[PDB]
Amino acid sequence: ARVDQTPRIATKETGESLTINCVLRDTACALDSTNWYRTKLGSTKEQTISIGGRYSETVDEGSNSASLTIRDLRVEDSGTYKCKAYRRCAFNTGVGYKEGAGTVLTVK
């Protein structure tokens, strides 16, 4: 019904971590799944990130949330990052997947 993504902007130094939090604010539906997308800074190409290695996802059922952690940051990680939240509602197959408004990360 609305995804709150935070932080909206970030400036890291190489080697730092960023954690982006996506809360699915909905009194009716569960955040079932999430995917994570990166658009490299200056590009217009969106890519889905496969979670693993220095990319991790933390899930919190009580808060209806998913967080992406990116460790060992590199200048090439600079980009716009977004989550897409899939939903499990009390009913059926309905119009779901809501998006975060984005994080703008700059590294070094």
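Residues numbered from 1 in each chain as written, not as in the entry; some residues may be left out. Heavy atoms only, no water.

S.K.: Give a detailed account of the nonpolar core, specifying residues and quantitative values.
M.R.: In terms of nonpolar packing, the biggest core is built from 19 residues, with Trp 36 and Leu 105 touching the most fellow members. Counting residues per element, the ones that place at least two in this core are β3 (18–24), β4 (29–40), β7 (65–70), β8 (79–89) and β10 (103–107). Those residues within four positions of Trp 36 in sequence are excluded, and the remaining contacts are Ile 20, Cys 22, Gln 47, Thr 48, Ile 49, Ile 51, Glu 57, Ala 66, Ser 67, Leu 68, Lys 82 and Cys 83. (Core = buried A, V, L, I, M, F, W, Y, C linked by side-chain atoms within 4.5 Å. Buried < 20%, exposed > 50% of the residue type's maximum accessible area, 1.4 Å probe, protein only. Helix = DSSP H or I, 4+ residues; strand = E, 2+ residues; numbered from the N terminus. Contact = heavy atoms within 4.5 Å.)

S.K.: Give a description of the side chain of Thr 103 that names residues and reports values.
M.R.: Secondary-structure assignment places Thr 103 in strand β10. At 3.0 Å, the side chain of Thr 103 and the side chain of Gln 5 are in polar contact. Side-chain polar atoms of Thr 103 contact the backbone oxygen of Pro 7, separated by 2.6 Å. (Polar contact = N/O pair within 3.5 Å; in protein donor to acceptor, adjacent residues only side chain to side chain.)

S.K.: Quick rundown of the UniProt feature "domain: Ig-like" (unreviewed entry) in the protein chain? Include the residues and the values.
M.R.: Using the residue numbers shown here, the UniProt feature "domain: Ig-like" (unreviewed entry) corresponds to residues 1–85. Strand forms 58% of residues 1–85 and helix 0%; the C-alpha atoms that close the span are 10 Å apart. (UniProt positions renumbered as here; feature names shortened; annotations may be inferred.)

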